[PDB]
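Student: Below is one structure. I have some questions about it.
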Amino acid sequence: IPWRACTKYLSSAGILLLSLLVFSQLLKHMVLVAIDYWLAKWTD
Amino acid sequence: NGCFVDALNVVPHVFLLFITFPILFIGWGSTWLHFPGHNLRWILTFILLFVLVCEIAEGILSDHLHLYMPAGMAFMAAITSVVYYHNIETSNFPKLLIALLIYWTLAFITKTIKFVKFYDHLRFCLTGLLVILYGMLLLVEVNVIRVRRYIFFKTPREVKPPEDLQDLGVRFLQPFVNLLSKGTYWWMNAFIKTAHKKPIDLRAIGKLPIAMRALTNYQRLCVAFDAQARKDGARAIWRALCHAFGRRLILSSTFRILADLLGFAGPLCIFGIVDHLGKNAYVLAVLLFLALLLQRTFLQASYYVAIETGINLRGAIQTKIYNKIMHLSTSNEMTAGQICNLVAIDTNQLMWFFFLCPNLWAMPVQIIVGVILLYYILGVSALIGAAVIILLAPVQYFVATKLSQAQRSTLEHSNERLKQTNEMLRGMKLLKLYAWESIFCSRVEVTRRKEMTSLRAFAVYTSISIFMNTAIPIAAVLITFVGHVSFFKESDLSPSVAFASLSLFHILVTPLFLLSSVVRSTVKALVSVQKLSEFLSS
Amino acid sequence: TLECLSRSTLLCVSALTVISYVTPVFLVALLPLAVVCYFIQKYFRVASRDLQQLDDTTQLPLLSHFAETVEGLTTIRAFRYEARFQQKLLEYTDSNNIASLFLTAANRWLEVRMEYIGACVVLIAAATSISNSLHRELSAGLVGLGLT
Amino acid sequence: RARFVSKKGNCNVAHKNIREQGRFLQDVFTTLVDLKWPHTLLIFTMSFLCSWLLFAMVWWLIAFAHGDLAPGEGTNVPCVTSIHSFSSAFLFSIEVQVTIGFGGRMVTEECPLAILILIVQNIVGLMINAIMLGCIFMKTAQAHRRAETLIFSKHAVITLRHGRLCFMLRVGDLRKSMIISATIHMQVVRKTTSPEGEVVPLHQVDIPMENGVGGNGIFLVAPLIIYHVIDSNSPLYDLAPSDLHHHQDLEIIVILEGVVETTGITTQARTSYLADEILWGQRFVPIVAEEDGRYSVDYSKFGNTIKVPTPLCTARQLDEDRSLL
Amino acid sequence: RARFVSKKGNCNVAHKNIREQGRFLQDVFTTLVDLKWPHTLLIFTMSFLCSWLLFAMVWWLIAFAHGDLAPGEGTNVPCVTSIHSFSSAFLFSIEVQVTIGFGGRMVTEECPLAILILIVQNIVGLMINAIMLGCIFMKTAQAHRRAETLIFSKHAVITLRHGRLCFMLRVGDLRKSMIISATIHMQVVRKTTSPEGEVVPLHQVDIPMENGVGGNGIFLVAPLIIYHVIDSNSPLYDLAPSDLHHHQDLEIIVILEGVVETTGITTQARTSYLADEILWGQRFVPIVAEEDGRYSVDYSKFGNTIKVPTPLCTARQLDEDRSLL
Ligand SMILES: COc1ccc(Cl)cc1C(=O)NCCc1ccc(S(=O)(=O)NC(=O)NC2CCCCC2)cc1
Ligand SMILES: Nc1ncnc2c1ncn2[C@@H]1O[C@H](COP(=O)(O)OP(=O)(O)OP(O)(O)=S)[C@@H](O)[C@H]1O
Ligand SMILES: Nc1ncnc2c1ncn2[C@@H]1O[C@H](COP(=O)(O)OP(=O)(O)OP(O)(O)=S)[C@@H](O)[C@H]1O
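Residue numbers (the entry's author numbering), protein chains in the order written: chain A, 996 to 1039; chain B, 24 to 52, 63 to 96, 103 to 160, 167 to 277, 283 to 329, 354 to 406, 411 to 616; chain C, 1139 to 1286; chain D, 32 to 356; chain E, 32 to 356.
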């Protein structure tokens, strides 16, 4: 299945929520890695 | 004369590795014959692989090439014995077996000499384990010749290789392959590669072996039901299924528990490595590699054996309740719908519960080993953390139940909507002949809003589930590490402790979710088997 | 399912970036193996989809058959045609089981092979971490994240 | 549908339930020597290196065991003089095995065990050399690359010759080398039911090759259309022209046997023609042409075919019409 | 009673009073090289060791005789330098015989007798090496393990086909390798008394193999029942169905000849069927079956047989009844 079906599916949502979802997911994963990255320096 | 005995041990591996190459290159340049002790032989060969890895670790710790060459030679010797037994299973011979037996005997002799010269004065345990494994393989070979016609009188009275899984076209050959591929599913390479090009269909698909049909499972189930009813119900049918499906289920369950043990074991060797470098680690790394691969392989074999037992059970009880459909009386519309739900939802519930059966036995030991292991790494504080994660498991269940309730309500509305559609898509010409269509579309949209309203609460519960899923892992580490160092004893938390706790937290979060679904599936299956018993006995 | 796919893909990318930042050279070793997964992807889907639909088909005439036996039960018990119909139902349940069995076999195949590669990557990561991050780099906070 | 023997000449019938009890012997060598030249060279060097390394290992071991490997002056003479490490041991092994005999390292008359290891080394080396020479010579007798080049036309035709229906099918040579006393065994298979209620799944019957006064053989220089005429006695005489194209299952096989010149072995070529392969009422294009001073054969028109206004009817009805006309 | 040729194909008739005067020659080698591979390897190493020990003994003797074996410094040069005991003598023998030439012990230009013993040693060694190589290569041409695997059904049946009595008997292949131009020589033996008062103890007569227009040969891919029809002209046409089972002595032998592909040699299979072996009025079970996409042959039903309601009568009386019906 091409990217066109998903493109139409997400464009029915609009530009309002697409970025609000994608950047929030990116930031959540960045926090989930950064907590352990800081714990690494916490250890010693 | 240590190096002398080392060379004396190196010799026989060279002998076998040199005899194997002509025959291996002849074979490299469709009937599967299996011999008694094949599975035992492959198990012992994998144990040999492990012990040879340990010997290589010893040789690295000691270093002197001639002092650790025997392990590297026996490695290729065992691999070539595997290739030999593959070439014998693909084409039987009374002479290649003797060629293996000679090598087994010579290796046993050399190991005995090593043991004696060591007793006259870590090596001890590995040498003893190798001796025992080679002796058991020798006994397997002796059993094979005792059963075969290698040196026995004129004719072997061969087995006439089984036509159960090798006769007229069959494609799903699970029971009839090498016990390594029975684990790693190597026989699927050909199927999947052919499937990439040509579209699969029932003509391109196989036919089920005699080991698993409607007739076979029905026969076993009716034999158990007969042996239980001749001694005369819900408990009766239950015990009948239990005694009928027997060994396969418990085999899957024990595969599963051993895999769970090794999975709990991984992070501890991680911890050991982290300790060693901050203050004997390559060995721990290769052991971690081996333990990971073995644990996951056993987990997967467990899954598959359970799934196959479940599919057997579904076929069996389906053909059984169809056999019952023939003798029922006409006095018993609603019963037809109840019958077809008894096959569409009740049987699927039964079979999926039989999927999840071994998980219900393997979950408690997993959480117990997890909590006891984390306690000895983090102390009293660990206990506190060990509570929080566990507290997510009942809560999850509660959440799930709410979902179900919501689902029910939503379904109701949905059904009604469909009705209000079926009219419009039939009186099409009537509808458009006077353009009353918008008037009905208003009503259809009125139903839709109610449907939307239900969906909000359902998705709120879904959001709460997804939120807890990744919130409890964070909260455990938060309230544990903050509550360990800056609260209780100010103990210096080495990186090993924290990272082992992290690993164990994930390895314990993964199974926790499954217990809730397991409990729901089990109670639903109990109700469905009560229903099946009420029906099957009318 | 969309939420789960997004979480999974981002967690995987994050884990790869972590084990790369911990040991730089390990990065250059992991891109080969990942390319392997690409070949494991195609061959899977073009079959996993196919088998899937086949399952659906073998589920549809089976259930329907059941219903046909229930309504016209008197006619079927009168004609004494019970044997042939039982034969048909054994045929249908076999056609259902072969599909629902090949599907689980293929899922096991993909699972085991992806797992073998996921163990190769941790082997190589630990083997690089024990030497690079201890002998030369002598930094202990690294190996923890990478191993975990 | 299923075919009897494939176009390439290989057999299609797969055998099931063979006793297989007798095939439990060691025919190891010949099958290895039949392999491809690269694979055969690989296995030959493999055998040689295997034996060499085995005896090098045992010689290093015996020199280590006697104590002669321990470097010491006096109180001994090494069983093999001037032996120091595993490298010189392997050099001695390759010096005594392949019979070059450098003689820098000398086996002495002090240790009879070295005498025994030498006396077994030499005989095993001679035996493996003899088998590896005989087998490669037996291989160099491979003329199979030149054989099986015989070609038949993809589809065979039927025509009307001398007032009778006839079968026309092209054969031919592809090299200068002839084939001596080539004979044609033309056969037809069909699922037949006897009048006694017996049904056979496949029935081979000989359809004759129509030559001069007699003879089952032919002479192949140029592409010669094999010429048979189906009569009321022939088994193929009963079929119909419109039912052969789609439904019927008739395989007409030809077996051309003959001994090649240079090697003297008797090879053959078997090919099948199905019901959907054969067609009706056509004529091949003349291949041979009077060239400058010779006969030129054009193989582009080998499988070419031209329309012929010939009547289309069944051979039984054609014979009845011949009785009427 | 006595059989003519056994089922396995070997001959049963024992020959008596052979002149045996000519069989007094030395055909020694070829018969030894035909033996089994273990026995042949044993005799080969035996010959080699025999020659080696013989010449080692003669060299020790000559070194002892010249006095060079007596350990002494000066006033001489040993015919073979650095020779001390029988062990070094045997080492020199194996060094010069199998042509390794270590050269630690050197034959010198002082004694022409050593030159003569060397010049005979080398030529006898070369001749024995040449024969022991040619013979093992001639052995590796053994494809007899693959031959003689042809199988016939244990008992043959008779039936009624096309209104005439017929003989049905199964043949077949057991390997992928075909057999080229296999012909059938079907014969029958019987103690016959001529009308001139002459009594023959055994009388071979050809009973035809009924194929197409002609031909003494067949084509073997699948098990093909050989189909013969006994007529008033056939020699077997006179017997009775009730007298064959117990009393009569009739041996029907078949001789299937044919050349194998890979080796090109012409092998054959001979088998007998007695009067007590053959039975009456039955039919074989169809072997070939339309498999998934091929033809499946089941060899379990190879010798299986089903009852057929066919009339039981003598072939002469059957022909008389055909004249009446
Ligand atoms: C989510 O994993 C788990 C992780 C951990 C544990 Cl302790 C248990 C499980 C688990 O799942 N419990 C075993 C029972 C089970 C059910 C489904 C699957 S499956 O993989 O999703 N599906 C298939 O294999 N085949 C399907 C089966 C249904 C017919 C169509 C083909 C695999 C296994
Ligand atoms: N010009 C040629 N020279 C030598 N051999 C040929 C030649 N043309 C065809 N052949 C071979 O002999 C057979 C004769 O069949 P054709 O007359 O070529 O009919 P066809 O339908 O064109 O078959 P093709 O060319 O293989 S698709 C073929 O199977 C070829 O393999
Ligand atoms: N399935 C088989 N595959 C290959 N060869 C066979 C098979 N069965 C029998 N043969 C051989 O071919 C001959 C055929 O005779 P059969 O049909 O087997 O009658 P028979 O009375 O069963 O003889 P047997 O099996 O030797 S006691 C036998 O002499 C066997 O040696």
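Where is the CB? At the ideal position from N, CA and C, for every residue including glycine.
Taking the continuous alpha helix (DSSP H) assigned at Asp352(E), which residues delimit it?
Tutor: 346–355
Student: Let me know the beta strand (DSSP E) ranges lying completely inside the region 105–130 of chain B, each 3 residues or longer, listed in chain order.
Tutor: none
Student: Spell out whether any CB of chain B is found under 8 Å from the CB atom of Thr1161(C).
Tutor: no
Student: Which bits of chain B does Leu1034(A) rub up against, with CB to CB less than 7 Å?
Tutor: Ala576
Student: Closest Cβ-Cβ distance between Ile1255(C) and chain B: below 8 Å?
Tutor: no
Student: Hey, quick one: how far does the beta strand (DSSP E) through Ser327(D) stretch, first residue to last?
Tutor: 326–328
Student: Any beta carbon from chain B within less than 8 Å of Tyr1176(C)'s own beta carbon?
Tutor: no
Student: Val319(D) to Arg1187(C), Cα distance in whole Å?
Tutor: 58 Å
Student: Would you say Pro244(B) faces chain A, with C-beta separation under 8 Å as the test?
Tutor: no
Student: Three Cβ pairs or more, each shorter than 8 Å: is that satisfied between the region 339–348 of chain D and the region 197–209 of chain D?
Tutor: no
Student: Could you please give me the residues that DSSP links to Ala290(B) through a beta bridge?
Tutor: Looking at the DSSP assignment, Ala290(B) forms no beta bridge with any residue, so it has no partner.
Student: Taking only beta-carbon positions, decide if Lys510(B) is within less than 8 Å of chain H.
Tutor: Protein chains A, B, C, D and E are contained in the structure displayed, whereas chain H is not.
Student: Mind listing, in chain order, the residues whose beta carbon lies closer than 5 Å to a non-hydrogen atom of ligand 1?
Tutor: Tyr377(B), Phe433(B), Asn437(B), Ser1238(C), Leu1241(C), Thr1242(C), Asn1245(C)
Student: Under a criterion of Cβ closer than 7 Å to any non-hydrogen atom of ligand 2, which residues qualify, in chain order?
Tutor: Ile182(D), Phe183(D), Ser184(D), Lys185(D), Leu205(D), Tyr330(D), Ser331(D), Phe333(D), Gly334(D)
Student: Checking contacts by CB at 8 Å: is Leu167(B) closer than that to chain C?
Tutor: no
Student: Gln474(B) to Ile542(B), Cα distance in whole Å?
Tutor: 9 Å
Student: Note down, in chain order, each residue of its chain lying with its Cβ closer than 8 Å to the Cβ of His584(B), except the 5 sequence neighbours on either side.
Tutor: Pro551
Student: Would you say the beta carbon of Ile49(D) is closer than 7 Å to some non-hydrogen atom of ligand 3?
Tutor: yes
Student: Run the CB neighbour count on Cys81(D), radius 10 Å, all protein chains shown included, and call it buried at 16 or more, exposed below.
Tutor: buried
Student: Tell me where the beta strand (DSSP E) around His216(E) begins and ends.
Tutor: 210–220
Student: Using the Cβ count rule (16 or more neighbours within 10 Å means buried), how would you classify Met240(E)?
Tutor: buried
Student: Between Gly1282(C) and chain A, is any beta-carbon pair separated by less than 8 Å?
Tutor: yes
Student: Near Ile1214(C), which residues of its chain fall below 7 Å by C-beta distance, leaving aside the five closest residues on each side in sequence?
Tutor: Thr1207, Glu1220, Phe1223
Student: Relative to the alpha-carbon of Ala549(B), which residue among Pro997(A), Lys1003(A), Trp1037(A), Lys1023(A) has its alpha-carbon at the smallest distance?
Tutor: If you compare the alpha carbons of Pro997(A), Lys1003(A), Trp1037(A), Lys1023(A) with that of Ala549(B), the shortest gap goes to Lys1023(A).
Student: So if I threshold CB-CB distances at 9 Å, which residues from the region 70–82 of chain D count as touching chain B?
Tutor: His70, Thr71, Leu73, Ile74, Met77, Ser78, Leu80, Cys81, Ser82
Student: What do you get for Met233(B), buried or exposed, if any count of 16 or more other CB atoms within 10 angstroms of its CB means buried?
Tutor: Under a 10 Å Cβ-count criterion, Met233(B) is classified as buried, with 16 or more other Cβ atoms of the shown protein chains found around its own Cβ.
Student: Put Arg195(E) into one of helix, strand or coil per three-state DSSP.
Tutor: strand
Student: Does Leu428(B) pass the burial test, meaning 16 or more other C-beta atoms within 10 Å, or should it be called exposed?
Tutor: Buried, since its Cβ has 16 or more Cβ neighbours within 10 Å.
Student: When burial is assigned at 16 or more other CB atoms within 10 Å of the CB, is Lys150(B) buried or exposed?
Tutor: buried
Student: Whole-angstrom Cβ separation of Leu301(B) and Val360(B), contact assumed at under 8 Å?
Tutor: Rounded, the Cβ-Cβ distance is 29 Å, inconsistent with contact.
Student: Which bits of chain C does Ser581(B) rub up against, with CB to CB less than 7 Å?
Tutor: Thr1286
Student: Check the Cβ of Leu571(B) against every Cβ in chain A and list those closer than 9 Å, keeping chain order.
Tutor: Result: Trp1037, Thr1038.
Student: My assumption, with CB atoms under 8 Å, is that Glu140(D) sits in contact with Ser124(E). Please give the rounded CB distance.
Tutor: Not quite, the Cβ-Cβ distance comes to about 12 Å (not below 8 Å), so this is no contact.
Student: Using a beta-carbon distance below 8 Å, is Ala1264(C) in contact with chain A?
Tutor: no
Student: Could you tell me the boundaries of the alpha helix (DSSP H) in which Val1173(C) lies?
Tutor: 1162–1209
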